[PDB]
Structure formats: structure tokens, C-alpha cells
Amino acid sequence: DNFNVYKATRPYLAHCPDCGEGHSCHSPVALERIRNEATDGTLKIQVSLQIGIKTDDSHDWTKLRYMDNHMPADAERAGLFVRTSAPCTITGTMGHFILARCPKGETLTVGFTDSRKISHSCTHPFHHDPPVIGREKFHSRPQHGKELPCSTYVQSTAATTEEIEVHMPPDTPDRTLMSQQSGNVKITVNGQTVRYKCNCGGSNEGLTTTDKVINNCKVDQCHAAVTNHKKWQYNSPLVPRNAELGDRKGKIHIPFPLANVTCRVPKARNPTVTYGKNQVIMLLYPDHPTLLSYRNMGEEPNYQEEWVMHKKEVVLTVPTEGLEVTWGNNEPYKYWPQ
């Protein structure tokens, strides 16, 4: 129980098409992969930051860690928000993964508030319209109802089945490493491994752990980057691959896997029925959109279906073979003439 996978990994900065107002940025809350495989409507969202873990690698549910330019910084879990058209209800949070129940929307936004009060967000175009479980379009899940097979991402913190690819981060460019020393270029290492390249005859191109000086050179004619081989980062398509290593990769187990569960669906109230000669009359009173379907119990079934929205009276002919009527999630009503 002394095992901590989060000490090897780190939160990161990745590309986001909309950070707010309609402009792109290097987001600390950048969206990776939004999974909508769960039939119950639950979304499995992947983000560049890590939730429930502090910068010192210790686990704290009220804490959140994001990449603050060069080094990771701490933020509050309460400040984290998920929204489409209206705010989403967050059900589970652990590392790079968020579980949320979202209403009908065209875009998905995931944001948070840092220690300095600045709000960071990321918007992706995501068509969210969860499918109807059963034959009734209900808003709230009942405690009792018809048991239907449905899928959801389990609230459990335990990571055992699903996995993601992790690797070394690319070299982080930093112009502050280079300074103009009338009239030379000085590279201030500051205890870091720096990869440099200059358009000057003095120094060529290489890797350094020591302070370098480029005699008769301009700062604009030079490029410097910070190397990091001590941490792991998710194999993100929004972040460049490590130029030197490349194919070198690792793998880590992820929380909230998709599982086969049971969904409770409500049964619409039985309609008032009046019988006629070789026909049946039903006064349907739906509280929500309910599917009405019917078939003949003979050689020719002649299946017909309609979604009933308001108070409606339906006239259905009952043949010699019999007529089977299904009103929403209720068990089918069978009719036969005397």
C-alpha cells in the first residue's frame, strides 16, 4: 500500500483550440480524450493536469496539481468545473481523469481556478446527446423500476484493467536561458541540462550541464531548451515526441474502467382502456416522452411505432390472431376478440 504511481508522472501544458473568447493557448487544463461509451450518459474526460495529488506527490482529494509554466503548482479541487451548455455534475476525480454527467450540448468545457485567482479553461467541439435507455425519456433515475443492462465508468479509485502510454517529456524551450553580454551570448544553465544551437561560428550545437559563452553572437541567432529525463508524461498527440529517445515508452493503469451494470427505468402509468367491436381504445396520459408500439400476433405482424408527447387517445384494430401493445417500459398488453 506504499505504492505511488504519481511520483514518476507529472501534470503538463498542451495545445487547446479554445482557452476562452475563441483563441488557442498552451493550456494547463488541456483536453485529451472524451469517452462517451457508457450507455447511462457518464463521460470519461482526460485532462493534462492531475486531480487528488499534491506537488510533493502525496494524495489529497481537496487538492489539484497543474503545470505552472516551468514547475507544477497546487490548486483547489472546489474550483474545478465541467460544463457543456449548463454546468455538469462531477461524479469522480483521480489524476488525469474526470467523470461527469452533462446535459445536451455541442461543446465540452473543463476549467479550474489557480492559487492566484486566474481561471483557466479548455473548450472542444463535442456533440453530447446521451441515448435513451429503454422506451421512456425520463429526467431522474428511480430507486425501483425495470432492470435493463447498461454501462458506466465505476466510481472506484482502483486502477487494474484500463491503461495509457507514458514517456519522457520533450525539451522545453526557454529564451530566458540566453542573455546578451556586449557583444556575446551567455547560456545560464542554473543546474539544468540544456540543449543549445547557435547561428554563429563560435559554438556549434550540443548538450550542456555547464555555463556556455558564444563569442561574437546575437541572442536572436540562438535557441536553448531545458531537458527533463527524471519525469514521465502521457503520450499526448498535442505535445511533441522526445527527439532523441522517440520510441522509448512506459505504461500506467488508469482509474474508472467501463463496466456492465443494471439501470432502473420507470414504467409509465397504465392508460384507461375502453373496448369495442374488433378494436381497442386507449387514453394515454404521459408525464414524459413515452414510446407506443404495436403488432399483430399472426403471420403478418405489421409493426408500428410512435413517440407520445402529450395527452392522446389511440384507436387500434384487434384482429383474430391478436394484438400486442407495448406502452413504454411496461410489460406488453395482449388483446384478443371474444
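We number the residues from 1 along the sequence you see.
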Exercise. So which stretch wins on mean C-alpha B-factor, 244-252 or 198-206?
Worked result: 198-206
Seminar exercise, completed: Ranked by mean Cα B-factor in the entry, 35-43 and 288-296, top stretch is 288-296
Seminar exercise, completed: The largest CA temperature factor among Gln304, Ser27, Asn270, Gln50 is found at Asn270
Seminar exercise, completed: Highest CA B factor of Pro142, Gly191, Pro257, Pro237, as deposited, is found at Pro142
For this session: Going by the recorded CA B-factors, say which third of the chain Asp174 sits in, lowest, middle or highest.
Result: lowest
For this session: Ordered by C-alpha B-factor within the chain, which third holds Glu163? Give me lowest, middle or highest, please.
Result: lowest
For this session: Select lowest, middle or highest to describe the third in which the CA B-factor of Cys102 falls within its chain in this entry.
Result: middle
Exercise. C-alpha B factor of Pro131, ranked within the chain: lowest, middle or highest third?
Worked result: middle
Exercise. Against its chain's modelled residues, does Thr262's Cα B factor rank lowest, middle or highest third?
Worked result: middle
